[PDB]
>>> print(open('my_file.txt').read())   # compact mmCIF, C-alpha atoms and all ligand atoms
# COMPACT_ATOMS: atom_id res chain seq x y z
CA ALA V 1 180.40 67.22 -18.17
CA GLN V 2 182.85 68.91 -15.84
CA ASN V 3 182.99 72.75 -15.65
CA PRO V 4 180.00 73.34 -17.92
CA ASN V 5 179.98 77.14 -17.34
CA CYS V 6 183.66 77.25 -18.58
CA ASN V 7 185.01 79.03 -15.51
CA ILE V 8 188.71 79.62 -15.06
CA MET V 9 189.99 76.99 -12.56
CA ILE V 10 192.84 77.47 -10.10
CA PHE V 11 194.99 74.48 -9.05
CA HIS V 12 197.26 73.93 -6.07
CA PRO V 13 199.34 70.81 -6.82
CA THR V 14 201.36 69.21 -4.05
CA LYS V 15 205.11 68.70 -4.55
CA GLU V 16 204.36 65.08 -5.43
CA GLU V 17 201.75 66.06 -8.00
CA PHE V 18 204.31 68.58 -9.49
CA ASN V 19 206.63 65.84 -10.71
CA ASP V 20 204.88 64.61 -13.78
CA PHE V 21 203.86 67.57 -16.01
CA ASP V 22 201.89 65.64 -18.61
CA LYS V 23 199.95 63.75 -15.95
CA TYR V 24 198.95 66.98 -14.17
CA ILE V 25 197.72 68.61 -17.42
CA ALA V 26 195.63 65.53 -18.04
CA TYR V 27 194.28 65.74 -14.46
CA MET V 28 193.31 69.39 -14.91
CA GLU V 29 191.43 68.45 -18.11
CA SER V 30 189.66 65.57 -16.26
CA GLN V 31 188.20 68.32 -14.03
CA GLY V 32 187.08 70.41 -17.03
CA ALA V 33 189.79 73.09 -16.85
CA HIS V 34 190.21 73.33 -20.60
CA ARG V 35 186.65 74.39 -21.11
CA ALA V 36 187.60 77.91 -19.90
CA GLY V 37 190.54 78.23 -22.33
CA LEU V 38 192.86 79.23 -19.42
CA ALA V 39 193.82 77.82 -15.98
CA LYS V 40 196.03 79.07 -13.15
CA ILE V 41 198.53 76.77 -11.37
CA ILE V 42 199.98 77.88 -8.05
CA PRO V 43 203.22 75.88 -7.48
CA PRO V 44 203.77 74.04 -4.14
CA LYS V 45 205.40 76.14 -1.47
CA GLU V 46 208.59 74.02 -1.62
CA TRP V 47 209.21 74.91 -5.32
CA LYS V 48 211.23 77.71 -6.84
CA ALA V 49 212.13 78.61 -10.41
CA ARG V 50 215.62 79.83 -9.48
CA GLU V 51 217.43 81.16 -6.39
CA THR V 52 217.22 84.93 -7.06
CA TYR V 53 216.51 87.46 -9.82
CA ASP V 54 219.38 89.77 -8.66
CA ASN V 55 221.61 89.13 -11.68
CA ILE V 56 219.32 89.59 -14.79
CA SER V 57 220.05 93.22 -15.63
CA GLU V 58 222.53 92.48 -18.39
CA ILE V 59 220.12 90.43 -20.57
CA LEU V 60 219.69 92.31 -23.85
CA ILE V 61 216.41 93.31 -25.38
CA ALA V 62 217.69 93.62 -28.97
CA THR V 63 214.46 95.00 -30.42
CA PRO V 64 212.11 96.64 -27.89
CA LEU V 65 208.68 97.27 -29.40
CA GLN V 66 206.64 100.50 -28.92
CA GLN V 67 202.99 99.56 -29.06
CA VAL V 68 201.13 102.36 -30.87
CA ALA V 69 197.32 102.19 -30.82
CA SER V 70 194.65 103.34 -33.34
CA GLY V 71 190.90 103.33 -32.91
CA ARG V 72 188.64 103.90 -29.92
CA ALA V 73 189.25 103.06 -26.26
CA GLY V 74 187.41 99.76 -26.37
CA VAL V 75 188.12 98.71 -29.98
CA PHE V 76 191.62 99.37 -31.28
CA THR V 77 194.57 97.93 -33.09
CA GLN V 78 198.24 98.26 -32.20
CA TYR V 79 201.36 98.29 -34.35
CA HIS V 80 204.82 97.62 -33.15
CA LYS V 81 207.46 100.25 -33.77
CA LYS V 82 210.99 98.95 -33.37
CA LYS V 83 213.25 100.83 -30.93
CA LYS V 84 216.96 100.76 -30.23
CA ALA V 85 218.41 97.90 -28.15
CA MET V 86 218.55 98.17 -24.44
CA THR V 87 219.47 95.97 -21.42
CA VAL V 88 216.91 94.68 -18.93
CA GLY V 89 218.39 97.15 -16.38
CA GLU V 90 217.89 100.02 -18.77
CA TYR V 91 214.32 98.80 -19.58
CA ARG V 92 213.43 98.51 -15.88
CA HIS V 93 214.55 102.11 -15.32
CA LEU V 94 212.43 103.20 -18.28
CA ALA V 95 209.36 101.26 -17.01
CA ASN V 96 209.75 103.02 -13.61
CA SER V 97 210.08 106.52 -15.12
CA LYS V 98 207.38 109.12 -14.65
CA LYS V 99 206.36 108.80 -18.32
CA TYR V 100 205.75 104.98 -18.13
CA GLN V 101 205.17 103.99 -14.53
CA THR V 102 201.95 102.49 -13.15
CA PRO V 103 199.64 105.24 -11.75
CA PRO V 104 198.32 105.30 -8.28
CA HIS V 105 195.38 102.93 -7.91
CA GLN V 106 193.16 101.31 -5.28
CA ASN V 107 193.13 97.71 -6.36
CA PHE V 108 193.33 95.53 -9.51
CA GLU V 109 189.77 96.47 -10.59
CA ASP V 110 190.56 100.22 -10.42
CA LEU V 111 193.74 99.63 -12.47
CA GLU V 112 191.75 97.60 -15.02
CA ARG V 113 189.32 100.53 -15.36
CA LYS V 114 192.18 102.90 -15.92
CA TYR V 115 193.77 100.56 -18.52
CA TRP V 116 190.67 100.40 -20.66
CA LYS V 117 189.92 104.12 -20.30
CA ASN V 118 193.39 105.35 -21.14
CA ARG V 119 195.50 102.70 -22.94
CA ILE V 120 195.12 104.17 -26.42
CA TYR V 121 196.57 107.54 -25.34
CA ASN V 122 199.97 106.05 -24.52
CA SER V 123 202.57 103.96 -26.37
CA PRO V 124 204.27 101.57 -23.87
CA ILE V 125 207.44 99.66 -24.83
CA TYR V 126 207.38 95.81 -24.60
CA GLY V 127 210.49 93.48 -24.63
CA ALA V 128 208.73 90.55 -26.18
CA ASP V 129 209.61 87.37 -27.77
CA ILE V 130 213.30 87.02 -26.55
CA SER V 131 214.59 83.46 -26.95
CA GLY V 132 215.91 82.25 -23.60
CA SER V 133 215.07 80.96 -20.09
CA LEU V 134 215.30 82.05 -16.45
CA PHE V 135 214.69 78.62 -14.95
CA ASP V 136 217.72 77.18 -13.10
CA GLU V 137 218.98 74.04 -14.80
CA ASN V 138 218.61 72.29 -11.50
CA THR V 139 214.86 73.02 -11.27
CA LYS V 140 213.37 69.69 -12.29
CA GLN V 141 209.64 70.36 -11.96
CA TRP V 142 207.76 72.62 -14.44
CA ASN V 143 210.95 73.90 -15.97
CA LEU V 144 209.73 75.47 -19.23
CA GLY V 145 213.10 74.82 -20.91
CA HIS V 146 212.83 71.00 -20.21
CA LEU V 147 209.44 70.15 -21.47
CA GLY V 148 208.74 67.32 -23.99
CA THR V 149 208.86 68.85 -27.47
CA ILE V 150 205.90 69.31 -29.84
CA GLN V 151 207.90 67.45 -32.56
CA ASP V 152 208.29 64.47 -30.23
CA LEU V 153 204.57 64.55 -29.36
CA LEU V 154 203.61 64.57 -33.09
CA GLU V 155 206.02 61.68 -33.64
CA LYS V 156 204.69 59.72 -30.70
CA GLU V 157 201.02 60.18 -31.77
CA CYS V 158 201.29 59.96 -35.51
CA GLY V 159 204.57 58.12 -36.20
CA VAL V 160 206.09 60.82 -38.45
CA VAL V 161 209.47 62.21 -37.58
CA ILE V 162 209.89 65.92 -38.38
CA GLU V 163 212.48 68.70 -38.22
CA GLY V 164 212.10 71.64 -35.81
CA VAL V 165 212.76 72.74 -32.33
CA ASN V 166 210.66 74.15 -29.40
CA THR V 167 212.32 76.69 -27.02
CA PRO V 168 211.01 79.23 -24.51
CA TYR V 169 210.65 82.95 -24.82
CA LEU V 170 211.09 85.81 -22.30
CA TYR V 171 208.83 88.86 -22.09
CA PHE V 172 209.78 92.03 -20.24
CA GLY V 173 206.67 94.24 -19.70
CA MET V 174 205.65 97.62 -18.33
CA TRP V 175 202.40 99.31 -17.47
CA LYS V 176 199.90 99.12 -20.37
CA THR V 177 201.96 96.66 -22.47
CA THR V 178 199.34 94.67 -24.28
CA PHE V 179 198.82 91.21 -25.78
CA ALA V 180 196.23 91.27 -28.53
CA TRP V 181 193.42 88.71 -29.00
CA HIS V 182 194.85 85.43 -30.36
CA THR V 183 195.06 81.69 -30.17
CA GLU V 184 198.46 80.02 -30.31
CA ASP V 185 200.19 78.96 -33.55
CA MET V 186 198.49 75.83 -34.83
CA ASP V 187 196.03 76.21 -31.85
CA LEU V 188 198.69 74.77 -29.51
CA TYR V 189 198.68 75.03 -25.73
CA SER V 190 200.82 77.66 -24.06
CA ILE V 191 202.27 77.85 -20.57
CA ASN V 192 203.38 81.16 -19.04
CA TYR V 193 205.31 81.65 -15.78
CA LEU V 194 205.44 85.15 -14.26
CA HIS V 195 209.00 85.19 -12.86
CA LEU V 196 208.99 88.60 -11.18
CA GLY V 197 207.42 91.98 -10.84
CA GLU V 198 203.93 93.33 -11.29
CA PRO V 199 200.84 91.35 -12.36
CA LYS V 200 199.40 90.41 -15.75
CA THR V 201 195.62 90.53 -16.33
CA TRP V 202 194.18 87.99 -18.77
CA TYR V 203 190.91 87.73 -20.70
CA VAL V 204 189.87 84.43 -22.35
CA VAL V 205 187.04 83.05 -24.52
CA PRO V 206 186.08 79.35 -24.01
CA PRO V 207 187.28 77.24 -26.97
CA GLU V 208 183.75 76.08 -27.71
CA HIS V 209 182.81 79.75 -28.30
CA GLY V 210 185.84 80.96 -30.20
CA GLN V 211 183.90 81.42 -33.45
CA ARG V 212 181.67 84.00 -31.67
CA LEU V 213 184.73 86.09 -30.98
CA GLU V 214 185.87 85.71 -34.61
CA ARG V 215 182.50 86.89 -35.93
CA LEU V 216 182.56 89.95 -33.70
CA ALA V 217 186.12 90.71 -34.74
CA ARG V 218 185.13 90.60 -38.44
CA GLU V 219 182.35 93.11 -37.67
CA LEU V 220 184.61 95.43 -35.67
CA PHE V 221 187.62 95.30 -37.97
CA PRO V 222 185.97 95.09 -41.38
CA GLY V 223 188.97 96.20 -43.58
CA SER V 224 191.25 93.72 -41.81
CA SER V 225 188.71 90.96 -42.31
CA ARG V 226 188.55 91.61 -46.09
CA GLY V 227 192.34 91.47 -46.19
CA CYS V 228 192.67 88.10 -44.49
CA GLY V 229 190.31 85.27 -43.53
CA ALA V 230 192.37 84.71 -40.30
CA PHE V 231 193.48 88.21 -39.38
CA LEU V 232 193.50 87.55 -35.61
CA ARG V 233 196.69 85.55 -36.46
CA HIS V 234 198.28 89.01 -36.97
CA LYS V 235 198.02 89.60 -33.23
CA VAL V 236 197.05 93.29 -33.40
CA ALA V 237 193.36 93.60 -32.39
CA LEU V 238 191.98 94.58 -29.02
CA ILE V 239 188.36 94.48 -27.81
CA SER V 240 187.49 95.50 -24.23
CA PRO V 241 185.45 93.53 -21.72
CA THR V 242 182.72 96.15 -21.93
CA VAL V 243 182.42 95.71 -25.70
CA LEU V 244 182.50 91.90 -25.38
CA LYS V 245 179.62 92.10 -22.80
CA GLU V 246 177.61 94.49 -25.07
CA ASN V 247 177.90 91.92 -27.86
CA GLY V 248 177.08 88.85 -25.75
CA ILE V 249 180.51 87.21 -26.15
CA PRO V 250 181.24 84.64 -23.43
CA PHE V 251 184.56 85.36 -21.64
CA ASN V 252 186.35 85.30 -18.29
CA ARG V 253 189.14 87.29 -16.69
CA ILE V 254 191.81 86.66 -14.07
CA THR V 255 194.97 88.35 -12.78
CA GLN V 256 198.27 86.37 -12.65
CA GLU V 257 200.82 87.35 -9.98
CA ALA V 258 204.54 86.67 -9.72
CA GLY V 259 205.25 83.05 -8.96
CA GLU V 260 202.19 81.69 -10.73
CA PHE V 261 201.72 79.68 -13.94
CA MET V 262 198.97 80.10 -16.50
CA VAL V 263 198.09 77.47 -19.13
CA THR V 264 196.16 78.33 -22.26
CA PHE V 265 194.33 75.48 -23.96
CA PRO V 266 193.91 74.73 -27.70
CA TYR V 267 191.77 77.30 -29.46
CA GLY V 268 191.35 79.42 -26.26
CA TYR V 269 191.45 83.04 -27.46
CA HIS V 270 193.21 85.30 -24.99
CA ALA V 271 194.35 88.90 -24.53
CA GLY V 272 195.64 91.00 -21.64
CA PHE V 273 197.93 93.62 -20.20
CA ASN V 274 200.76 94.12 -17.73
CA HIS V 275 200.34 96.20 -14.56
CA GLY V 276 203.94 97.45 -14.34
CA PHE V 277 207.53 96.22 -14.80
CA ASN V 278 207.59 92.40 -15.02
CA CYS V 279 209.22 89.42 -16.62
CA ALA V 280 207.39 86.32 -17.91
CA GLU V 281 208.56 83.15 -19.69
CA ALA V 282 206.30 81.20 -22.03
CA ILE V 283 206.43 78.25 -24.45
CA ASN V 284 204.02 76.29 -26.61
CA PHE V 285 203.36 72.59 -25.94
CA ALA V 286 201.13 69.77 -27.16
CA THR V 287 199.27 66.76 -25.78
CA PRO V 288 197.39 63.97 -27.54
CA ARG V 289 194.22 66.00 -27.35
CA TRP V 290 195.82 68.87 -29.33
CA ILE V 291 196.23 66.86 -32.54
CA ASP V 292 192.64 67.33 -33.66
CA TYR V 293 192.87 71.08 -33.02
CA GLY V 294 196.08 71.33 -34.99
CA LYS V 295 194.39 69.64 -37.99
CA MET V 296 191.57 72.22 -37.91
CA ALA V 297 193.53 75.39 -37.09
CA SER V 298 192.98 78.42 -39.24
CA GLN V 299 195.71 79.84 -41.07
CA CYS V 300 196.87 83.27 -42.30
CA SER V 301 198.23 83.08 -45.88
CA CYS V 302 198.20 86.90 -46.62
CA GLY V 303 201.76 87.35 -45.53
CA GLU V 304 201.22 89.24 -42.35
CA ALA V 305 201.48 86.54 -39.65
CA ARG V 306 205.07 85.29 -40.44
CA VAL V 307 206.12 82.61 -37.92
CA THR V 308 208.86 80.25 -36.83
CA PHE V 309 210.64 77.63 -38.81
CA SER V 310 209.04 74.79 -36.85
CA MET V 311 205.48 75.61 -37.95
CA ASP V 312 206.30 74.41 -41.47
CA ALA V 313 206.23 70.75 -40.54
CA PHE V 314 203.04 71.12 -38.53
CA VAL V 315 201.18 72.55 -41.53
CA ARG V 316 202.85 70.12 -43.94
CA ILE V 317 201.83 67.01 -42.01
CA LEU V 318 198.57 68.04 -40.37
CA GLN V 319 197.18 70.29 -43.16
CA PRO V 320 198.63 69.12 -46.48
CA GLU V 321 195.78 70.69 -48.53
CA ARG V 322 196.54 74.14 -47.03
CA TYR V 323 200.33 73.78 -47.17
CA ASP V 324 201.08 75.30 -50.61
CA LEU V 325 198.98 78.45 -49.97
CA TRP V 326 200.29 78.92 -46.42
CA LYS V 327 203.95 78.52 -47.52
CA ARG V 328 203.42 81.19 -50.24
CA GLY V 329 202.32 83.48 -47.37
CA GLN V 330 205.59 82.67 -45.62
CA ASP V 331 207.65 83.57 -48.83
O1 LIG V 401 202.59 87.45 -21.76
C1 LIG V 401 202.32 87.84 -22.99
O2 LIG V 401 202.61 88.99 -23.51
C2 LIG V 401 201.60 87.02 -24.01
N1 LIG V 401 201.61 85.59 -23.63
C3 LIG V 401 200.82 84.70 -24.17
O3 LIG V 401 199.99 84.97 -25.12
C4 LIG V 401 200.90 83.28 -23.76
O4 LIG V 401 201.64 82.95 -22.79
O5 LIG V 401 200.23 82.47 -24.47
MG MG V 402 222.32 89.69 -16.57
NI NI V 403 199.32 83.38 -26.16
ZN ZN V 404 196.79 87.38 -42.73
>>> encode(input="my_file.txt", output="structure tokens")
Amino acid sequence: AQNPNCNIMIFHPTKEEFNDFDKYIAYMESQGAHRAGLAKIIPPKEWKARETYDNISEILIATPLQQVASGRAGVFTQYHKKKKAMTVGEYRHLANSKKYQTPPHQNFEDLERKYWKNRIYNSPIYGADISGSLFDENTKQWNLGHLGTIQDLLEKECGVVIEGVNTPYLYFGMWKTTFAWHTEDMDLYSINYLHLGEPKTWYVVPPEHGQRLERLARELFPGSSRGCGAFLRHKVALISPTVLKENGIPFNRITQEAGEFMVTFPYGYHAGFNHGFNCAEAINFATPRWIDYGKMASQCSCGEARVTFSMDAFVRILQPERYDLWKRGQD
């Protein structure tokens, strides 16, 4: 078995290897990459996502989210308070302000220490989940707006034609903006490209150990667990590396820099934080190997998780027994 310790693997495809996206994902899996839950892909030196980032300031962040924490430094939840609209240029100025800017630090490990010590005492503002793309239309390789759709994959594997669409999302971050512990909708893959700015640190639990993280989370968030049998679908709970180590949960960490892709694999729990002003693009995708994960994915039916239009068909076809309860949660 390849990669039996479930380490995060880093790949350096050549320009020739960068042509066929599906084939390269399958290659990475042949080397055991998926066992970690997360992989990094450094694009060939010849590749670029677009020519420059000099003209993005007028993108609108219609609903910036202030991420307010509750709990203790290593075990906390966050809620999202909606703020007034602002442009990307206005958000960048805010990120760079004395109130929100990255503090002085020695290296990524020192900044990580400071994050976990101090995150809860601040409320950073995240421009998350903005439909759109920064890839040039002429970028033919690893263009996250031109990937094969999940609906087409389901139809190719299973024969059933379904409604729905699959488009990318932009994320504008600042110091301490936080992504809570989660797997993707329907335990899909994700791919994330860091277009510009400061890094993003990731934590990940191997898919084969995801239930260990779930059991810890039920212990640490006992009211939330009574409320919902899949409350990590709410995407609000944080647990630090120190607390994971104290509880014997297997995990890994890695820092993504501008110009790099990360892939999350089915049922790979992940969480993380941004180092400073940045912009990322991400989308969900599927492969043949996903189908079995999609059939077994947990679901939130309490009403909190509320998701896209296109998840309806995935539940309806892959999980017909669960469909009626889940749809009630949507309505
Ligand atoms: O970058 C972020 O805030 C969160 N991204 C992801 O969870 C992802 O790409 O799967
Ligand atoms: Mg613009
Ligand atoms: Ni994710
Ligand atoms: Zn729920």
>>> residues_near_ligand(input="my_file.txt", ligand="ligand LIG 401 (chain V)", cutoff="9 Å", atoms="only C-alpha atoms and all ligand atoms", output="PyMOL selection string")
chain V and resi 126+128-129+170-173+177-184+189-194+200+202+262-264+270-274+279-284
>>> residues_near_ligand(input="my_file.txt", ligand="ligand ZN 404 (chain V)", cutoff="12 Å", atoms="all atoms listed in the file", output="number ranges by chain")
V: 223-236, 298-307, 325-326, 328-330
>>> residues_near_ligand(input="my_file.txt", ligand="ligand MG 402 (chain V)", cutoff="8 Å", atoms="only C-alpha atoms and all ligand atoms", output="list in words")
residues 55, 56, 57, 58, 59 and 88 of chain V
>>> axis_aligned_box(input="my_file.txt", around="segment 314-327 of chain V", padding_each_side="5 Å", output="AutoDock Vina command-line options")
--center_x 199.9 --center_y 73.0 --center_z -44.6 --size_x 18.2 --size_y 21.9 --size_z 22.1
>>> residues_around(input="my_file.txt", residues="segment 212-215 of chain V", least_positions_apart="6", cutoff="9 Å", atoms="all atoms listed in the file", output="compact mmCIF listing (two decimals) with C-alpha atoms, in the coordinates of the input")
# COMPACT_ATOMS: atom_id res chain seq x y z
CA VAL V 205 187.04 83.05 -24.52
CA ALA V 230 192.37 84.71 -40.30
CA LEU V 232 193.50 87.55 -35.61
CA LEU V 244 182.50 91.90 -25.38
CA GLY V 248 177.08 88.85 -25.75
CA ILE V 249 180.51 87.21 -26.15
CA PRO V 250 181.24 84.64 -23.43
CA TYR V 269 191.45 83.04 -27.46
